[PDB]
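Only one structure is covered here, and it is reproduced in the block below.
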Amino acid sequence: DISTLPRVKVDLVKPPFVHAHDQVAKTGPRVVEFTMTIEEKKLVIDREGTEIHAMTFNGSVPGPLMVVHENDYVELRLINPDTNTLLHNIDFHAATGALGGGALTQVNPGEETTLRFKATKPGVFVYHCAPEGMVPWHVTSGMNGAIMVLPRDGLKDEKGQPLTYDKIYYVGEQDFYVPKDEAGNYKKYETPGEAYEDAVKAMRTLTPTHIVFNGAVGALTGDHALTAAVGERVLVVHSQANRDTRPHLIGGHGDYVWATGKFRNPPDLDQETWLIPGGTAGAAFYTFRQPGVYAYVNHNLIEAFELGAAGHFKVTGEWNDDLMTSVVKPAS
Amino acid sequence: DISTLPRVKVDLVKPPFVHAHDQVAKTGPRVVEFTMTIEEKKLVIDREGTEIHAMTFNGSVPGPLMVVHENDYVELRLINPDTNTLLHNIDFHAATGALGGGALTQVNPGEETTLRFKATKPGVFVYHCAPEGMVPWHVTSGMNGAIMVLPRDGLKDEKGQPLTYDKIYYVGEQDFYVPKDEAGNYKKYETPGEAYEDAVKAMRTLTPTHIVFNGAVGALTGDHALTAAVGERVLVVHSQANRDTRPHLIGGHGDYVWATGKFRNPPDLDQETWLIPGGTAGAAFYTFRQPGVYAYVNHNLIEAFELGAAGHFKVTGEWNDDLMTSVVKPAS
Amino acid sequence: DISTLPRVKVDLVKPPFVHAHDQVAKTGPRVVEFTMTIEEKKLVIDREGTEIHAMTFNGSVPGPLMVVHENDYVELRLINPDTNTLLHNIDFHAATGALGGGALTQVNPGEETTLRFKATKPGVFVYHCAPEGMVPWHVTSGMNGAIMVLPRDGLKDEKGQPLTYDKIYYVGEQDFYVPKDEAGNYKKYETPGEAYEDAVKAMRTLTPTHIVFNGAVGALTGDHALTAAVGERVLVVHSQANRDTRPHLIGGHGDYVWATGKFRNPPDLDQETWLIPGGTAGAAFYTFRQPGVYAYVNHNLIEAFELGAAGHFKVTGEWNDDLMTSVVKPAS
């Protein structure tokens, strides 16, 4: 009887940050209420000024990370304002039935809908738009995110002991397919609908023009680099709704990794690089041991350094010479 | 002494169906006899009427699923009728030695051969044609299938308890590389041999023109959708002999998954999407909990919805509102 | 106090061979000293005579395999002779901090440097050059290798029992992106620097022109085929610093496989094919049971047989008819 359960309303935050939550559940099962507003918007995705018409949940690419516990109910109010132009919906990979909710959430501009599902399987999971006949166009225009369903007793290592993170970040990785003219220059369009047949052609090459974290080349750098301190335990949730990726922390490891993101399985230990298949979210746990700049990349290094799939961590603290040291500095 | 073992002759069935077998072995080890006839045939692979010269085992793409138990012997009579034009052979990934049988089964048109091997490792495994110097051309023209070697005591979950399936389907996923003219139109040829150098060029792009289940765009839809009922336990065996895929059941999960297909390993639990590497067969177990239409896709959604790698399940039974419900239907 | 530890100097060998080492550590922790000299050189990579300017560690592609034990210290003297033209460095995925050593090892032509790091995690790991702003160009010109950090008590199976190998080989798999003219012919350049902007363009296609083992099409064939005898236990270490691969031993299996290369995890058993993600090293253990020629391939068979990712094993010993036999040889 869902009417007797507590309701809690969560206000979402912009990636790569994640809304406040408890790791170990401090209440019984709840109905967790979220609201998302769909926003079609122009986005500049690279240093050259290339512009696309992005399709977003809550204004960002990726959409925000939702966090619940196993056997909570997720109730999402999804709003498609009349300032948009397309029909949208939502498919949660966490959910069971009706194409993950997709069959029940088709909203034209000026409509809203409220969906409820029970979060029966713990893990991180992708969610994405999936309108009949235009599924890859919406997804590859940015209309995807993830949801984390924590076990009620939090995360566990390969021996069943508790793993507690101090910080959590969400990296959404996006493959874009910007149409090109004859000579290879990117095309601009005034409306999303203009791009349609050119988008289909660009997608069928299976070759992205850009692969980015958090919606743009260089988004997780400079003032927007991820931060941590030596000794901190960090969980990085990484999703890719359409195409395989292989995350790597340059200068670190994945101490505990759930590459396909499902927490009833034991983690893989000591990973250098891990494969997250397209249509999946994964999670990696690392304890920082050295200060400085780290790069977090898709380790197809062309995809990283030429197409955009690279961000930075900036880590403060004390250097440990026992782990690494320069014995003789570069000299002639 | 193989002469004292029982022989049993199995008549194969067309994918996605699978020949009758017992999960738990009801006899001791047997010599299991199969016959396959090679058929080169014209195939229409898409809605536009694109035609290729396919190279098939037993008339289908994929070839049929063979099912034995661990430590049975597989005896295959392979027939290459004189109405074909090419030399063919067979390589079983399940077998040990002689290039998986490939070195011993080279049959010109008008020849046959009988191979026997011991099925020493349990799992699902790819088989494919692999003639010296033309291996990828045969495989990517459809000349591949799979064999399942069950443990004698059937399948087990991660705790070693029995898993029994009620139904089993075989999805063979095929990457095709149809040659194109200058403008991008598909070429037609009168014989398989005509296509050869154009096929090599198309393959070297590493970009398929079509990726299909069961030999054509839309093959596992409509009247040919897969079926199940709420409460049924379904095993889906999925192979890809040449290129990685990432299956996903839209609206469901892989409750127990052997992504690389080998049953002495514990399954991965609660998977949203899993990676089957090219040259591998995998298997996923799911118990249906909700009725309706499900889509089973490669979750590179371009490969699914633009290139053809999507099929449907149609599931009958009772809707469970506790798992999912529309609280407020789309409305303005 | 590192000054009181034993030092040992290791002389490296050319892949696919591996320098002598003990599986089970016969000493306490040591400082293990290696020297590598960077060599930019012209390399012929295919039968047609296509030439590239390769960037190598110690003259080979891949660079040599280094072998230490967990909690040894690795001290590498890296030398960039003044006959080279570019700045280079080294990033070890095995190491913790400073971009895996990359930030501390930038050597112009005519410089050297000595780096020390503690090998705290057991596994096989990639190392590669990674100079600021030109990372994929160096890596995809051949400037990568691997390091194996053995547990002090050697390798273990899924039940924690010892696994001892009789022979070990190192297969480095390399994706090359040779620039092409308008018609599709490969370009030649006099110096590495000439190629730069053409290399970036070729890389951005994400489509390699060649994928090779040990630096050339056919390198591990003929007189240079890998060898073993029936009954021998062979460990094959395989790396790919930039792009996913899916190794398969044609006619065999991976009896015990660490696909992502980290030995605190239990191995996967009975693998037909396994995925090594780009930026990773993996390891497979197999006991040969049948004599003859085996092919070891990336099982995207186009990448194998058209682009070059195939080698051979030649195995001596006795044929076992119980495992496989021709019952009726090909006949009309």
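Labels A, B and C are assigned to the chains in the order they are written; within every chain, residues are numbered from 1.
Everything that follows uses one rule, which is that a residue touches a chain if its C-beta (ideal position, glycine included) is under 8 Å from a C-beta of that chain, and two chains touch if they have at least 3 such contacts.
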| item | value |
| --- | --- |
| Category of the chain touch graph - line, ring, star, complete, other | complete |
| C-alpha-based rotation, subunit B on subunit C, 0 to 180 degrees, nearest 5 | 120 |
| Inter-centroid spacing, subunit C versus subunit A (mean Cα positions, whole Å) | 32 |
| Multi-chain contact sites of subunit C, meaning residues that touch two or more partners | 207, 244, 275 |
| For the subunit C and subunit B complex, residues of the former touching the latter | 207-208, 244, 246, 248, 250-253, 268-275, 289-290, 292-295, 299-307, 319-320, 322-332 |
| Touching residues on subunit C, where the partner in the complex is subunit A | 75, 77, 91, 93-108, 110-118, 120-123, 125-126, 130, 135-136, 139-140, 200, 203-207, 241-244, 260-262, 264-265, 275, 277-281 |
